[PDB]
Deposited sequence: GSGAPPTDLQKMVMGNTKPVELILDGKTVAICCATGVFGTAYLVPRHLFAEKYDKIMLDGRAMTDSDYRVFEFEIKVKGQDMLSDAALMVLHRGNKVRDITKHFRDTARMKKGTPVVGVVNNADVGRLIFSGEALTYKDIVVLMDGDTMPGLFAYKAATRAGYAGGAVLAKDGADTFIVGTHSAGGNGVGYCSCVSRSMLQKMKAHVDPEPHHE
């Protein structure tokens, strides 16, 4: 699958720095231009600089757009757009609306961070959840669950599910099941023209 290739190549490691020391780790999945999908809860941490693929930047180097996602809310999938940078492959055409998973179907999470390096995890789909409450008392909308073995740091990694496609970015997990924030191709498309 050239797709598994494309996505793997767009996934870059992220690191938050505070007082010269690394204080957080996760992944970023390039979607087009210099736009990257990233866990929104990532910005809830205190930091001085953000390192994307070894490149250190400050808040004056990019913009972070959030997603309204209608339920009955802010999704955990934020889009980080660098003012300048090296282009990534445009894979928005691999997200969907024009379909939907189904309990059982194969699931593949793509990771690339500083804790474990490049890696892939597989599991089986479950269902789509409108809201999931985390163990810290927080909540997250539009999530797709799946049977998988995940760990801290996978957040932001791409999750794939005969034709293959991209569901969204990994956000949370636990006791054998993982959750990713879903992303529609149209929302990414509208976001592409907005950032031009």
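*Asks:* What portions of the deposited sequence, indexed from 1, have no corresponding C-alpha atom in the structure?
*Replies:* Residues lacking C-alpha coordinates: 1-6, 79-81, 171-173, 209-214.
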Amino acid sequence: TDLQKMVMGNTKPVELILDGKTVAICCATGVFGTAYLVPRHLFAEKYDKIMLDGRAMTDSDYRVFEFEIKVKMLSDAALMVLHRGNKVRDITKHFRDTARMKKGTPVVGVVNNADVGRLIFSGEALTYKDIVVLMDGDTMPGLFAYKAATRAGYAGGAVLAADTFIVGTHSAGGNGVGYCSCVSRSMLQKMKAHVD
From here on, numbers count along this sequence of modelled residues.
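*Asks:* Regarding 130-138 and 34-42, which shows the higher C-alpha temperature factor on average in the entry?
*Replies:* Per the PDB entry, the higher value belongs to 130-138.
*Asks:* On mean C-alpha B-factor from the PDB entry, just flag whether 147-155 or 62-70 is the higher one.
*Replies:* The stretch with the larger average C-alpha B-factor is 62-70.
*Asks:* Going by the deposited entry, which of 82, 119, 99, 79 has the highest CA temperature factor?
*Replies:* 99 has the highest C-alpha B-factor of those listed.
*Asks:* In terms of the CA temperature factor given in the entry, to which third of its chain does residue 86 belong: lowest, middle or highest?
*Replies:* For residue 86, the deposited C-alpha B-factor lands in the lowest third.
*Asks:* Thinking about Cα B factors across the chain, which third does residue 107 belong to?
*Replies:* Tercile = highest for this residue's CA B-factor.
*Asks:* Lowest, middle or highest third: where is residue 173 by Cα B-factor in its chain?
*Replies:* Its C-alpha B-factor belongs to the lowest third of this chain's values.
*Asks:* Name the third of the chain's ranked CA B-factors that contains residue 28, choosing lowest, middle or highest.
*Replies:* Residue 28: CA B-factor falls in the lowest third of its chain.
*Asks:* Considering every modelled residue of the chain and its Cα B-factor in the PDB entry, is residue 13 in the lowest, middle or highest third?
*Replies:* Lowest third, going by the recorded CA B-factors of the chain.
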